[PDB]
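Participant: Generate coordinates for the sequence data below:
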Amino acid sequence: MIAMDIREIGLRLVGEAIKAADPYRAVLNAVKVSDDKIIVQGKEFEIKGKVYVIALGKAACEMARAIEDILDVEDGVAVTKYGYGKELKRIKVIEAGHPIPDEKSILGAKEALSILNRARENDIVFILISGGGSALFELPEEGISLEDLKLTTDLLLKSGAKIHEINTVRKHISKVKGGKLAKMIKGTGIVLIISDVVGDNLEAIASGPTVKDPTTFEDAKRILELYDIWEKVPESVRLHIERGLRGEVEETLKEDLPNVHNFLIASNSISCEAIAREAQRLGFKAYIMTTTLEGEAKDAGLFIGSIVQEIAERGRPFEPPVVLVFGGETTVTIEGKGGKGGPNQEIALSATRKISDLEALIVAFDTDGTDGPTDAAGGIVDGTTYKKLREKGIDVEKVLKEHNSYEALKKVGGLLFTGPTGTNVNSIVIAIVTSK
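Facilitator: Numbers count the residues shown, from 1 in each chain. Structure data below:
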């Protein structure tokens, strides 16, 4: 087909990853509607009643809007952050607190329970989940106030508690977390989830209101005691947990519910696949190297750069033209003040020397639109970048040591600005080699 510079190709692939992660588009890509059938990622469901919507997270309204555009919704609620508003046709919108829950969070949860009380065994209920659902959508167990929750969560952090141990305790004092929301669905539950978690563990997203929770009340008590806060937490918390130990209150979801189906519709992997698919259409062989890349940014750039070197030099592990995709979320370790920059900018800049003079390009970007404390989403460099940096008398190693990669990339057209993206499935590095 038509010819394209390696840069147009790279930017084209970046656009594909972002589109595949768009909450609105992601829902439409996953949910297809016939005349009486709803097909979610291949799974077919017959419409034998009404359709309800319960959305929670930063993209609640956008996801809800997609459902309303392809299905008539009897009623529902969308709980999102303050400012994320955006009106809907038949779905009530509520803005709540985040990262700290407030009374609106409770109001949202109560609104959701009301809807589930009305939905019948023959109705379909869409549960739309995105980031921030834990604070935005919450309803404490009996006798427990939002303030009791705050104090408990605070004592957990104050005493240094592992994140999953905190989720265990929180899941056991919430009426909707730990699969409890799914337990309230009388009909068919179709859950659409967007993941901003490396590895995509559903138990963590919004505290898994529709997924199983293997932890128990006993685990929660052990944890509070282990950190000597069992006596420090409010009486209402100890009481609810003791009641759980006595079997007076239901446990968090332990088994699978044949009527509630969880679908992950936007994630780093889904965006990487969108990249590989487009790459193949453009005539490249494409490979997803990983979707769980973690570690120091600078070093990730050296490692990806070393593979690019091997490919351009010996045609292994793959023969060009080829596209390699690395997803995950790297980090920059700063011991001091540091300069201007971020992870993806350091990945890109660090790789410049190893790909110097090669017919290759590396673009590393964060799908949420920002990288480090800057307005750039990441960096984009090619085989000419290193020499352009040297021509301006820039010492790359020194720049990286000072963690001031933004300033270096800024001078050689190496910054990637996406502006607001409306989503977050973490970062992706695309490496392109067009020739040896």
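Participant: Can you tell me what sits against stretch 214-228?
Facilitator: Contacts of stretch 214-228 with the rest of the structure, by CB atoms under 8 Å, 6 or more residues apart in numbering, involve 155-156, 159-161, 165, 167-169, 171-173, 178, 230, 233, 237, 241, 244-245, 251-252, 254. Quick note: C-beta positions are derived from backbone N, CA and C, even for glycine.
Participant: run the last query once more with 6 Å
Facilitator: In this structure, residues lying in contact with stretch 214-228 by CB atoms under 6 Å, 6 or more residues apart in numbering are 159, 161, 165, 168-169, 172, 230, 241, 244-245.
Participant: Could you turn the buried ones of these into a PyMOL selection?
Facilitator: Of the contacts of stretch 214-228, the buried ones can be selected in PyMOL as follows, counting by 16 or more other CB atoms under 10 Å:
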select buried, resi 161+165+168+169+172+230+241+244
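Participant: List the contacts of residue 195.
Facilitator: Applying CB under 6 Å, 6+ apart, one finds that residue 195 lies in contact with 264, 267.
Participant: Residue 24 in helix, strand or coil?
Facilitator: Using DSSP: H, G, I helix; E, B strand; the rest coil, the three-state assignment for residue 24 comes out as helix.
Participant: Show me the strands in the stretch 51-200 of the chain, by range?
Facilitator: In the stretch 51-200 of the chain, strands defined by DSSP state E, counting those that start in this stretch lie at 51-56, 75-81, 92-96, 124-129, 188-194, listed in chain order.
Participant: CSV for the ones you listed, including mean neighbour count and distance to residue 312?
Facilitator: Shown next, in CSV, are the strands of the stretch 51-200 of the chain (neighbours: other CB atoms under 10 Å; distance: least, CB to CB, whole Å):
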stretch, mean neighbour count, distance to residue 312
strand 51-56, 29, 47
strand 75-81, 25, 45
strand 92-96, 20, 51
strand 124-129, 27, 42
strand 188-194, 25, 36
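Participant: do you know which of the ones you listed lies nearest residue 269?
Facilitator: Comparing the strands of the stretch 51-200 of the chain by their distance to residue 269 (CB to CB), the top pick is strand 188-194, with 12.2 Å.
Participant: what's the angle between the closest one and strand 124-129?
Facilitator: Strand 188-194 and strand 124-129 meet at an angle of 20 degrees, taking axes from the mean of the first three to the mean of the last three CA atoms, to 10 degrees as the criterion.
Participant: Just give me the neighbour total for the residue lying closest to residue 271 once chain neighbours are set aside.
Facilitator: Residue nearest to residue 271 in three dimensions, not counting chain neighbours: residue 17, with 4.0 Å by CB to CB, 6 or more residues apart in numbering. A total of 26 residues lie near residue 17 under the criterion other CB atoms under 10 Å.
Participant: Residue 17: which element?
Facilitator: Per DSSP states H and E, residue 17 falls inside helix 6-20.
Participant: Which residues does that helix contact?
Facilitator: 25, 270-271, 274-275, 278, 361, 363, 421, 428, 430, 432, 434.
Participant: make it 7 Å
Facilitator: Identification of contacts with helix 6-20 by CB atoms under 7 Å, 6 or more residues apart in numbering yields 25-26, 270-271, 274-275, 278-279, 282, 361, 363, 365, 367, 380, 382, 418, 421, 428, 430, 432, 434.
Participant: List the buried residues for it?
Facilitator: Within helix 6-20, the residues that qualify as buried are 6, 9-11, 13-14, 16-20, counting by 16+ other CB under 10 Å.
Participant: For the residue lying closest to residue 89 once chain neighbours are set aside, grab the count of nearby residues.
Facilitator: Of all residues beyond its chain neighbours, the one nearest residue 89 is residue 68 (5.2 Å), with distances taken as CB to CB, 6+ apart. Counted with other CB under 10 Å, the burial measure for residue 68 works out to 16 neighbours.
Participant: Could you do the one 3 residues further on as well?
Facilitator: Neighbouring residues of residue 71 were enumerated by other CB under 10 Å; the total is 16.
Participant: That one and residue 33 touch, don't they?
Facilitator: Yes - with contacts counted by CB atoms under 7 Å, residue 71 reaches residue 33, the gap being 6.0 Å.
Participant: so what's the spatially most central residue of the chain closest to, chain neighbours aside?
Facilitator: A centroid search over the chain (CA atoms, centre = their mean) returns residue 196, at 1.2 Å, as the residue closest to the centre. The shortest distance from residue 196 to any residue other than its chain neighbours is 4.4 Å, reached at residue 424 (CB to CB, 6+ apart).
Participant: mind giving me the domain ranges of this structure?
Facilitator: 1-21+267-436, 22-266 (curated CATH domains).
Participant: for stretch 59-71, which positions count as buried?
Facilitator: Neighbour-count burial for stretch 59-71, with 16+ other CB under 10 Å as criterion, is recorded at 59-68, 71.
Participant: Repeat that for stretch 321-338.
Facilitator: For stretch 321-338, a neighbour-count test (16+ other CB under 10 Å) marks 321-330, 332 as buried.
Participant: In JSON lines, list the residues you listed along with secondary structure and distance to residue 344.
Facilitator: Below are these laid out as JSON lines (DSSP: H, G, I helix; E, B strand; the rest coil; distance: CB to CB, whole Å):
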{"residue": "321", "secondary structure": "coil", "distance to residue 344": "24"}
{"residue": "322", "secondary structure": "strand", "distance to residue 344": "21"}
{"residue": "323", "secondary structure": "strand", "distance to residue 344": "17"}
{"residue": "324", "secondary structure": "strand", "distance to residue 344": "16"}
{"residue": "325", "secondary structure": "strand", "distance to residue 344": "14"}
{"residue": "326", "secondary structure": "strand", "distance to residue 344": "11"}
{"residue": "327", "secondary structure": "strand", "distance to residue 344": "12"}
{"residue": "328", "secondary structure": "strand", "distance to residue 344": "11"}
{"residue": "329", "secondary structure": "coil", "distance to residue 344": "9"}
{"residue": "330", "secondary structure": "coil", "distance to residue 344": "7"}
{"residue": "332", "secondary structure": "coil", "distance to residue 344": "10"}
